[PDB]
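Asks: So here's run.txt (compact mmCIF, N, CA and C atoms).
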# COMPACT_ATOMS: atom_id res chain seq x y z
N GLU A 1 150.82 42.26 -26.04
CA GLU A 1 150.94 42.71 -27.43
C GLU A 1 150.43 41.65 -28.40
N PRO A 2 149.31 41.94 -29.07
CA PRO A 2 148.73 40.97 -30.00
C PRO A 2 149.35 41.03 -31.39
N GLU A 3 149.55 42.24 -31.91
CA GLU A 3 150.12 42.39 -33.25
C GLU A 3 151.61 42.08 -33.29
N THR A 4 152.29 42.13 -32.14
CA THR A 4 153.73 41.90 -32.12
C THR A 4 154.07 40.43 -32.39
N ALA A 5 153.15 39.51 -32.07
CA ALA A 5 153.41 38.09 -32.29
C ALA A 5 153.64 37.80 -33.77
N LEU A 6 152.87 38.43 -34.65
CA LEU A 6 153.08 38.24 -36.08
C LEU A 6 154.41 38.83 -36.53
N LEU A 7 154.86 39.90 -35.87
CA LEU A 7 156.13 40.52 -36.22
C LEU A 7 157.28 39.54 -36.03
N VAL A 8 157.35 38.91 -34.85
CA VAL A 8 158.44 37.98 -34.57
C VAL A 8 158.30 36.72 -35.41
N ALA A 9 157.07 36.26 -35.65
CA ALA A 9 156.87 35.04 -36.42
C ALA A 9 157.29 35.22 -37.87
N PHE A 10 157.00 36.38 -38.46
CA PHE A 10 157.44 36.63 -39.83
C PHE A 10 158.95 36.74 -39.91
N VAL A 11 159.57 37.44 -38.95
CA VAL A 11 161.03 37.52 -38.92
C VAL A 11 161.63 36.14 -38.72
N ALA A 12 161.04 35.34 -37.84
CA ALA A 12 161.52 33.97 -37.64
C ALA A 12 161.30 33.13 -38.89
N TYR A 13 160.15 33.29 -39.55
CA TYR A 13 159.85 32.48 -40.72
C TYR A 13 160.82 32.77 -41.86
N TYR A 14 161.12 34.04 -42.11
CA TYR A 14 162.05 34.38 -43.18
C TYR A 14 163.49 34.04 -42.80
N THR A 15 163.86 34.29 -41.54
CA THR A 15 165.20 33.95 -41.07
C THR A 15 165.46 32.45 -41.18
N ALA A 16 164.48 31.63 -40.81
CA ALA A 16 164.63 30.19 -40.94
C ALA A 16 164.75 29.77 -42.40
N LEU A 17 164.07 30.49 -43.30
CA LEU A 17 164.23 30.22 -44.73
C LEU A 17 165.62 30.60 -45.21
N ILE A 18 166.17 31.70 -44.69
CA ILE A 18 167.54 32.08 -45.01
C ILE A 18 168.51 31.02 -44.50
N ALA A 19 168.31 30.57 -43.26
CA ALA A 19 169.15 29.51 -42.71
C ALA A 19 168.93 28.19 -43.44
N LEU A 20 167.72 27.96 -43.96
CA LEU A 20 167.45 26.74 -44.71
C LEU A 20 168.25 26.70 -46.01
N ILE A 21 168.31 27.83 -46.72
CA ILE A 21 169.03 27.87 -47.99
C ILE A 21 170.53 27.81 -47.77
N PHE A 22 171.03 28.49 -46.73
CA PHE A 22 172.45 28.44 -46.43
C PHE A 22 172.91 27.02 -46.12
N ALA A 23 172.06 26.25 -45.43
CA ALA A 23 172.40 24.85 -45.16
C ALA A 23 172.42 24.05 -46.45
N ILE A 24 171.50 24.35 -47.38
CA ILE A 24 171.52 23.70 -48.68
C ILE A 24 172.76 24.12 -49.47
N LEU A 25 173.09 25.41 -49.44
CA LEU A 25 174.26 25.89 -50.16
C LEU A 25 175.55 25.35 -49.55
N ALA A 26 175.62 25.27 -48.22
CA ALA A 26 176.81 24.73 -47.57
C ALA A 26 176.99 23.24 -47.87
N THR A 27 175.89 22.50 -48.01
CA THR A 27 175.99 21.09 -48.36
C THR A 27 176.48 20.91 -49.79
N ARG A 28 175.94 21.69 -50.72
CA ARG A 28 176.32 21.59 -52.12
C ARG A 28 177.62 22.32 -52.45
N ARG A 29 178.23 23.00 -51.47
CA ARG A 29 179.51 23.65 -51.70
C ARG A 29 180.68 22.73 -51.39
N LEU A 30 180.56 21.91 -50.35
CA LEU A 30 181.57 20.92 -50.03
C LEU A 30 181.43 19.69 -50.92
N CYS A 31 180.20 19.19 -51.02
CA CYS A 31 179.91 18.05 -51.84
C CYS A 31 179.84 18.38 -53.33
N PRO B 2 149.30 38.37 -27.64
CA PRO B 2 149.34 37.79 -26.29
C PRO B 2 150.73 37.31 -25.91
N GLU B 3 150.98 37.14 -24.61
CA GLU B 3 152.28 36.65 -24.16
C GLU B 3 152.49 35.19 -24.53
N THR B 4 151.42 34.40 -24.59
CA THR B 4 151.57 32.98 -24.87
C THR B 4 151.98 32.74 -26.32
N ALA B 5 151.49 33.56 -27.24
CA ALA B 5 151.88 33.42 -28.64
C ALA B 5 153.22 34.09 -28.92
N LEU B 6 153.48 35.22 -28.27
CA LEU B 6 154.76 35.90 -28.44
C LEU B 6 155.92 35.06 -27.92
N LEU B 7 155.68 34.25 -26.89
CA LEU B 7 156.74 33.38 -26.38
C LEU B 7 157.10 32.30 -27.40
N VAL B 8 156.10 31.76 -28.10
CA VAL B 8 156.36 30.75 -29.12
C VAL B 8 157.03 31.38 -30.34
N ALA B 9 156.66 32.62 -30.67
CA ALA B 9 157.33 33.31 -31.77
C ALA B 9 158.78 33.61 -31.43
N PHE B 10 159.09 33.84 -30.15
CA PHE B 10 160.47 34.08 -29.76
C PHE B 10 161.29 32.80 -29.80
N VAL B 11 160.69 31.66 -29.45
CA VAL B 11 161.37 30.38 -29.63
C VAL B 11 161.71 30.17 -31.10
N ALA B 12 160.74 30.42 -31.98
CA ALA B 12 161.00 30.31 -33.41
C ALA B 12 162.10 31.27 -33.85
N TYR B 13 162.11 32.48 -33.29
CA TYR B 13 163.13 33.45 -33.66
C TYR B 13 164.51 32.99 -33.21
N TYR B 14 164.64 32.59 -31.94
CA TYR B 14 165.94 32.15 -31.44
C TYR B 14 166.35 30.82 -32.07
N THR B 15 165.39 29.95 -32.40
CA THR B 15 165.73 28.73 -33.11
C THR B 15 166.19 29.03 -34.53
N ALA B 16 165.59 30.04 -35.17
CA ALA B 16 166.06 30.45 -36.48
C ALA B 16 167.45 31.07 -36.40
N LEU B 17 167.75 31.77 -35.31
CA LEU B 17 169.08 32.35 -35.14
C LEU B 17 170.13 31.26 -34.94
N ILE B 18 169.78 30.20 -34.22
CA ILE B 18 170.73 29.11 -34.01
C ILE B 18 170.99 28.37 -35.32
N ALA B 19 169.92 28.09 -36.08
CA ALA B 19 170.10 27.47 -37.39
C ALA B 19 170.94 28.34 -38.31
N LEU B 20 170.83 29.66 -38.18
CA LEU B 20 171.61 30.55 -39.02
C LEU B 20 173.08 30.56 -38.60
N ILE B 21 173.34 30.49 -37.29
CA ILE B 21 174.71 30.42 -36.80
C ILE B 21 175.33 29.07 -37.15
N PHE B 22 174.56 27.99 -37.00
CA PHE B 22 175.06 26.67 -37.38
C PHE B 22 175.41 26.62 -38.86
N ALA B 23 174.64 27.29 -39.71
CA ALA B 23 174.95 27.33 -41.13
C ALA B 23 176.25 28.08 -41.40
N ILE B 24 176.54 29.12 -40.62
CA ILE B 24 177.78 29.86 -40.81
C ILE B 24 178.98 29.02 -40.38
N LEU B 25 178.82 28.24 -39.30
CA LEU B 25 179.93 27.42 -38.82
C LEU B 25 180.33 26.38 -39.85
N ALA B 26 179.36 25.85 -40.60
CA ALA B 26 179.66 24.87 -41.64
C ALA B 26 180.27 25.51 -42.88
N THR B 27 179.93 26.77 -43.15
CA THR B 27 180.49 27.45 -44.32
C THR B 27 181.97 27.77 -44.12
N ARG B 28 182.34 28.18 -42.90
CA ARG B 28 183.73 28.54 -42.65
C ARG B 28 184.66 27.34 -42.76
N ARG B 29 184.16 26.14 -42.49
CA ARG B 29 184.97 24.94 -42.61
C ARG B 29 184.97 24.42 -44.05
N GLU C 1 185.92 20.24 -39.86
CA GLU C 1 186.58 20.96 -40.94
C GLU C 1 186.49 20.26 -42.31
N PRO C 2 186.76 18.93 -42.39
CA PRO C 2 186.60 18.26 -43.68
C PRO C 2 185.17 17.81 -43.91
N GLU C 3 184.90 16.52 -43.74
CA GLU C 3 183.54 16.01 -43.83
C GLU C 3 182.70 16.38 -42.61
N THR C 4 183.30 16.99 -41.59
CA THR C 4 182.56 17.34 -40.39
C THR C 4 181.55 18.45 -40.67
N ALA C 5 181.95 19.47 -41.43
CA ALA C 5 181.05 20.57 -41.74
C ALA C 5 179.80 20.11 -42.47
N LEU C 6 179.86 18.97 -43.16
CA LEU C 6 178.66 18.44 -43.80
C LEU C 6 177.58 18.12 -42.76
N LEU C 7 177.97 17.46 -41.67
CA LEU C 7 177.00 17.13 -40.63
C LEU C 7 176.45 18.38 -39.95
N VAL C 8 177.31 19.38 -39.72
CA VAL C 8 176.86 20.63 -39.12
C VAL C 8 175.85 21.32 -40.03
N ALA C 9 176.02 21.19 -41.35
CA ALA C 9 175.02 21.72 -42.28
C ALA C 9 173.68 21.01 -42.11
N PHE C 10 173.71 19.71 -41.80
CA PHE C 10 172.47 18.99 -41.54
C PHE C 10 171.80 19.47 -40.25
N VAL C 11 172.60 19.88 -39.26
CA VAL C 11 172.02 20.40 -38.02
C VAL C 11 171.34 21.74 -38.28
N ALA C 12 171.97 22.60 -39.08
CA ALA C 12 171.35 23.88 -39.43
C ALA C 12 170.08 23.68 -40.23
N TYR C 13 170.05 22.66 -41.09
CA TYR C 13 168.88 22.42 -41.94
C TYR C 13 167.66 22.03 -41.10
N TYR C 14 167.83 21.08 -40.19
CA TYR C 14 166.70 20.63 -39.38
C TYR C 14 166.32 21.65 -38.32
N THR C 15 167.30 22.38 -37.78
CA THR C 15 166.99 23.45 -36.83
C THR C 15 166.15 24.54 -37.48
N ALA C 16 166.42 24.86 -38.74
CA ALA C 16 165.62 25.85 -39.45
C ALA C 16 164.19 25.36 -39.65
N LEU C 17 164.03 24.07 -39.96
CA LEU C 17 162.69 23.50 -40.10
C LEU C 17 161.93 23.55 -38.78
N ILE C 18 162.62 23.29 -37.67
CA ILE C 18 161.99 23.41 -36.36
C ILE C 18 161.57 24.86 -36.11
N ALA C 19 162.42 25.81 -36.48
CA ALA C 19 162.05 27.22 -36.36
C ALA C 19 160.86 27.56 -37.24
N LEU C 20 160.78 26.97 -38.44
CA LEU C 20 159.63 27.20 -39.30
C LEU C 20 158.35 26.68 -38.67
N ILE C 21 158.43 25.58 -37.93
CA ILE C 21 157.24 25.00 -37.31
C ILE C 21 156.73 25.89 -36.19
N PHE C 22 157.63 26.31 -35.29
CA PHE C 22 157.23 27.19 -34.20
C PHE C 22 156.72 28.53 -34.72
N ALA C 23 157.25 29.01 -35.84
CA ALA C 23 156.70 30.20 -36.47
C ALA C 23 155.27 29.97 -36.93
N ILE C 24 154.96 28.76 -37.40
CA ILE C 24 153.59 28.42 -37.77
C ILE C 24 152.77 28.14 -36.53
N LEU C 25 153.36 27.47 -35.53
CA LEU C 25 152.64 27.18 -34.30
C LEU C 25 152.26 28.46 -33.56
N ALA C 26 153.15 29.46 -33.56
CA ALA C 26 152.83 30.73 -32.94
C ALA C 26 151.73 31.47 -33.70
N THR C 27 151.62 31.24 -35.01
CA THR C 27 150.54 31.85 -35.77
C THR C 27 149.20 31.21 -35.45
N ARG C 28 149.19 29.92 -35.10
CA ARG C 28 147.94 29.24 -34.78
C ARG C 28 147.30 29.79 -33.51
N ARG C 29 148.09 30.40 -32.62
CA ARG C 29 147.55 30.97 -31.39
C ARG C 29 146.77 32.25 -31.62
N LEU C 30 146.67 32.72 -32.86
CA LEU C 30 145.96 33.96 -33.14
C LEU C 30 144.71 33.71 -33.98
Could you spell out this file's structure in structure tokens?
Replies:
Amino acid sequence: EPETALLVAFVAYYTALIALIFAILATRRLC
Amino acid sequence: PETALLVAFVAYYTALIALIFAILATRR
Amino acid sequence: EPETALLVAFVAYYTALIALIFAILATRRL
């Protein structure tokens, strides 16, 4: 599957951005 | 291809772990 | 639970960046 690779990469790219912001929010919530 | 889809799945599961790790820190 | 969750937030931060890299690395294969 050639087109499926972009599907998982985009989901991974946005999910990692969601996890990136949550880590920023969790740091600034305690601190 | 399978070689690129495998790397995209690592990124996906690594993003899932980072997302779970973020939840564990929020609950505390 | 106290200052411990701060370090766990740092683990989530760098793990997400690693996921961002593999998402870009998987795009380079196309």
Asks: For each of A:25, A:19, A:11, A:31, take the minimum atom-to-atom distance to residue C:16, counting all atoms listed in the file, then give the residue where this is smallest.
Replies: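 Looking at the shortest contact to residue C:16, the residue is A:19.
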Asks: Distance table requested - chain C against chain B, cut-off 5 Å, all atoms listed in the file: one row per qualifying residue with the closest atom pair and its distance in Å to one decimal, ordered by chain and rising residue number, as a Markdown table.
Replies:
| residue | atom | partner | partner_atom | distance |
| --- | --- | --- | --- | --- |
| C:1 | CA | B:29 | CA | 4.6 |
| C:5 | CA | B:26 | CA | 4.5 |
| C:12 | CA | B:19 | CA | 4.3 |
| C:15 | C | B:19 | CA | 4.9 |
| C:16 | N | B:19 | CA | 4.7 |
| C:19 | CA | B:12 | CA | 4.4 |
| C:22 | C | B:12 | CA | 4.8 |
| C:23 | N | B:12 | CA | 4.7 |
| C:26 | CA | B:9 | N | 4.8 |
Asks: Any chance you could export the current selection's N, CA and C atoms as a CSV table (one decimal), in the coordinates of the input?
Replies:
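That gives us selection.csv:
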chain,number,residue,atom,x,y,z
C,1,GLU,N,185.9,20.2,-39.9
C,1,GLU,CA,186.6,21.0,-40.9
C,1,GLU,C,186.5,20.3,-42.3
C,5,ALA,N,182.0,19.5,-41.4
C,5,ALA,CA,181.0,20.6,-41.7
C,5,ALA,C,179.8,20.1,-42.5
C,12,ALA,N,172.0,22.6,-39.1
C,12,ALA,CA,171.4,23.9,-39.4
C,12,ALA,C,170.1,23.7,-40.2
C,15,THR,N,167.3,22.4,-37.8
C,15,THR,CA,167.0,23.4,-36.8
C,15,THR,C,166.2,24.5,-37.5
C,16,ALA,N,166.4,24.9,-38.7
C,16,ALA,CA,165.6,25.8,-39.4
C,16,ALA,C,164.2,25.4,-39.6
C,19,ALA,N,162.4,25.8,-36.5
C,19,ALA,CA,162.0,27.2,-36.4
C,19,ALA,C,160.9,27.6,-37.2
C,22,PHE,N,157.6,26.3,-35.3
C,22,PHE,CA,157.2,27.2,-34.2
C,22,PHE,C,156.7,28.5,-34.7
C,23,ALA,N,157.2,29.0,-35.8
C,23,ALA,CA,156.7,30.2,-36.5
C,23,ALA,C,155.3,30.0,-36.9
C,26,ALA,N,153.2,29.5,-33.6
C,26,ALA,CA,152.8,30.7,-32.9
C,26,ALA,C,151.7,31.5,-33.7
Asks: Please return, as number ranges by chain, all residues of chain A lying within 8 Å of chain C when only C-alpha atoms are considered.
Replies: A: 5-6, 9-10, 12-13, 16-17, 19-20, 23-24, 26-27, 30
Asks: To one decimal place in Å, what is the distance between atom N of residue A:1 and atom C of residue A:18?
Replies: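 Between atom N of residue A:1 and atom C of residue A:18 the gap is 27.9 Å.
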Asks: Specify the axis-aligned box that encloses all atoms of stretch 7-25 of chain A listed in the file after padding of 3 Å on each side, stating its centre and edge lengths in Å to one decimal as lines of an AutoDock Vina configuration file.
Replies:
center_x = 165.2
center_y = 32.1
center_z = -42.4
size_x = 26.7
size_y = 22.8
size_z = 21.6
Asks: Tell me, in Å to one decimal, how far atom C of residue A:21 is from atom CA of residue A:4.
Replies: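 Taking atom C of residue A:21 and atom CA of residue A:4, their separation equals 26.9 Å.
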Asks: What does the distance between atom CA of residue A:22 and atom C of residue A:7 come to in Å, to one decimal place?
Replies: 21.5 Å
Asks: Please rebuild stretch 7-23 of chain B with N, CA, C and O atoms and return the result as a PDB file, keeping the file's coordinate frame.
Replies:
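Okay, result_33.pdb is ready:
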ATOM      1  N   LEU B   7     155.680  34.250 -26.890  1.00  0.00           N
ATOM      2  CA  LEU B   7     156.740  33.380 -26.380  1.00  0.00           C
ATOM      3  C   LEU B   7     157.100  32.300 -27.400  1.00  0.00           C
ATOM      4  O   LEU B   7     158.273  31.951 -27.549  1.00  0.00           O
ATOM      5  N   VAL B   8     156.100  31.760 -28.100  1.00  0.00           N
ATOM      6  CA  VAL B   8     156.360  30.750 -29.120  1.00  0.00           C
ATOM      7  C   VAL B   8     157.030  31.380 -30.340  1.00  0.00           C
ATOM      8  O   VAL B   8     157.895  30.762 -30.976  1.00  0.00           O
ATOM      9  N   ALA B   9     156.660  32.620 -30.670  1.00  0.00           N
ATOM     10  CA  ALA B   9     157.330  33.310 -31.770  1.00  0.00           C
ATOM     11  C   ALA B   9     158.780  33.610 -31.430  1.00  0.00           C
ATOM     12  O   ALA B   9     159.633  33.634 -32.327  1.00  0.00           O
ATOM     13  N   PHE B  10     159.090  33.840 -30.150  1.00  0.00           N
ATOM     14  CA  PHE B  10     160.470  34.080 -29.760  1.00  0.00           C
ATOM     15  C   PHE B  10     161.290  32.800 -29.800  1.00  0.00           C
ATOM     16  O   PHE B  10     162.481  32.835 -30.143  1.00  0.00           O
ATOM     17  N   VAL B  11     160.690  31.660 -29.450  1.00  0.00           N
ATOM     18  CA  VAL B  11     161.370  30.380 -29.630  1.00  0.00           C
ATOM     19  C   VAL B  11     161.710  30.170 -31.100  1.00  0.00           C
ATOM     20  O   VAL B  11     162.828  29.782 -31.442  1.00  0.00           O
ATOM     21  N   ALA B  12     160.740  30.420 -31.980  1.00  0.00           N
ATOM     22  CA  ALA B  12     161.000  30.310 -33.410  1.00  0.00           C
ATOM     23  C   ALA B  12     162.100  31.270 -33.850  1.00  0.00           C
ATOM     24  O   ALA B  12     162.935  30.924 -34.687  1.00  0.00           O
ATOM     25  N   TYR B  13     162.110  32.480 -33.290  1.00  0.00           N
ATOM     26  CA  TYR B  13     163.130  33.450 -33.660  1.00  0.00           C
ATOM     27  C   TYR B  13     164.510  32.990 -33.210  1.00  0.00           C
ATOM     28  O   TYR B  13     165.464  32.978 -33.999  1.00  0.00           O
ATOM     29  N   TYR B  14     164.640  32.590 -31.940  1.00  0.00           N
ATOM     30  CA  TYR B  14     165.940  32.150 -31.440  1.00  0.00           C
ATOM     31  C   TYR B  14     166.350  30.820 -32.070  1.00  0.00           C
ATOM     32  O   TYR B  14     167.551  30.584 -32.259  1.00  0.00           O
ATOM     33  N   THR B  15     165.390  29.950 -32.400  1.00  0.00           N
ATOM     34  CA  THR B  15     165.730  28.730 -33.110  1.00  0.00           C
ATOM     35  C   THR B  15     166.190  29.030 -34.530  1.00  0.00           C
ATOM     36  O   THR B  15     167.091  28.364 -35.055  1.00  0.00           O
ATOM     37  N   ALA B  16     165.590  30.040 -35.170  1.00  0.00           N
ATOM     38  CA  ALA B  16     166.060  30.450 -36.480  1.00  0.00           C
ATOM     39  C   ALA B  16     167.450  31.070 -36.400  1.00  0.00           C
ATOM     40  O   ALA B  16     168.256  30.909 -37.327  1.00  0.00           O
ATOM     41  N   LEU B  17     167.750  31.770 -35.310  1.00  0.00           N
ATOM     42  CA  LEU B  17     169.080  32.350 -35.140  1.00  0.00           C
ATOM     43  C   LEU B  17     170.130  31.260 -34.940  1.00  0.00           C
ATOM     44  O   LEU B  17     171.261  31.385 -35.431  1.00  0.00           O
ATOM     45  N   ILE B  18     169.780  30.200 -34.220  1.00  0.00           N
ATOM     46  CA  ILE B  18     170.730  29.110 -34.010  1.00  0.00           C
ATOM     47  C   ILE B  18     170.990  28.370 -35.320  1.00  0.00           C
ATOM     48  O   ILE B  18     172.136  28.067 -35.663  1.00  0.00           O
ATOM     49  N   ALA B  19     169.920  28.090 -36.080  1.00  0.00           N
ATOM     50  CA  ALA B  19     170.100  27.470 -37.390  1.00  0.00           C
ATOM     51  C   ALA B  19     170.940  28.340 -38.310  1.00  0.00           C
ATOM     52  O   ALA B  19     171.699  27.818 -39.136  1.00  0.00           O
ATOM     53  N   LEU B  20     170.830  29.660 -38.180  1.00  0.00           N
ATOM     54  CA  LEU B  20     171.610  30.550 -39.020  1.00  0.00           C
ATOM     55  C   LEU B  20     173.080  30.560 -38.600  1.00  0.00           C
ATOM     56  O   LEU B  20     173.973  30.634 -39.444  1.00  0.00           O
ATOM     57  N   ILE B  21     173.340  30.490 -37.290  1.00  0.00           N
ATOM     58  CA  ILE B  21     174.710  30.420 -36.800  1.00  0.00           C
ATOM     59  C   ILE B  21     175.330  29.070 -37.150  1.00  0.00           C
ATOM     60  O   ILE B  21     176.502  28.995 -37.543  1.00  0.00           O
ATOM     61  N   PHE B  22     174.560  27.990 -37.000  1.00  0.00           N
ATOM     62  CA  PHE B  22     175.060  26.670 -37.380  1.00  0.00           C
ATOM     63  C   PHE B  22     175.410  26.620 -38.860  1.00  0.00           C
ATOM     64  O   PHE B  22     176.395  25.966 -39.243  1.00  0.00           O
ATOM     65  N   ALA B  23     174.640  27.290 -39.710  1.00  0.00           N
ATOM     66  CA  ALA B  23     174.950  27.330 -41.130  1.00  0.00           C
ATOM     67  C   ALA B  23     176.250  28.080 -41.400  1.00  0.00           C
ATOM     68  O   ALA B  23     177.005  27.701 -42.302  1.00  0.00           O
TER      69      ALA B  23
END
